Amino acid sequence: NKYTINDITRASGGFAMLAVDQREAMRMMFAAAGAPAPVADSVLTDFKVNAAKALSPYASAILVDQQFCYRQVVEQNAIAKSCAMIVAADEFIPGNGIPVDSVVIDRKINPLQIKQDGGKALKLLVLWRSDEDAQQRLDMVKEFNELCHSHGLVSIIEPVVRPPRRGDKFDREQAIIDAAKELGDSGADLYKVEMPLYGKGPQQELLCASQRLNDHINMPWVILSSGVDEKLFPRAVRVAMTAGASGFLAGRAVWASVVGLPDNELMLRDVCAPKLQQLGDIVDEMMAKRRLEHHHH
């Protein structure tokens, strides 16, 4: 049984994916929203399961973590039958005062168990720095692809740009292009990329930046919500999809604003679900317009 990207898309062929696999960064959001410190692991588990129950009916796939919610979402059947389960395969290493300074393949992740539990894909964050070795990132991606493919799971990579370890020469926009030049043809099934310009400013500049990015990615790609205001993300998905993206992966832009509000299950249903549904409707509209365009050729 070998899964393809068609097992994690909407019926339109677009991707409408939800990330709830955030770890110490999610603990730090709960503390900054006034939750009593230190914040227990159970606060994250309860949010993650509630988010999966409320939001998986509107997502073509949901991304979860072993550390805080894998066992619970699987045992409580939190994930709607219409939504594919993606499991994070990344181990985040803190350093320099931040939770995710470096990343390796998480060796505690068991692809056999994920496959028997009905999981369809794995995701790997790749931190990209101009002064760190390309060949080590390519080697880690190649090992991860083989881990996925040998179990018939889909391989998803998420290159995220960081400033160099040494020096102050850092253009975020050029880094996103340089990471796509390096990793855009690295043999994964799906590429998750940061939105150019944080989705800000005139639509024309946003489209031109997204088109340059499309030129260096030789697999299906989606935009992350990371660093885009939740109010600009729907337009970023329309622009990215105009330039050749096949949908989105949304995390904070869908669920961050209700962190620390009372009646968590009610807030996920009334505040977060409408945003995730609108992003799904946008993907269906852009894929319909692409079928008319690909038919003109």
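Don't overthink the numbering: it's just position in the shown sequence, from 1.
- Stretch comparison (126 to 134 versus 105 to 113) by mean CA B-factor in the PDB entry places 105 to 113 on top.
- Mean C-alpha B-factor is higher over 144 to 152 than over the other stretch, the pair under comparison being 158 to 166 and 144 to 152.
- As recorded in the entry, 30 carries the highest CA temperature factor of 47, 58, 30, 248.
- Among the modelled residues of its chain, residue 274 has a C-alpha B-factor that falls in the lowest third, as given in the PDB entry.
- Split the chain's modelled residues into thirds by C-alpha temperature factor. Residue 243 is in the middle one.
- Among all modelled residues in this chain, the alpha-carbon of residue 75 has a temperature factor (C-alpha) in the highest third.
- The deposited CA B-factor of residue 206 belongs to the highest third of values across its chain.
- When the CA B factors of the chain's modelled residues are split into thirds, the value for residue 218 lands in the highest one.
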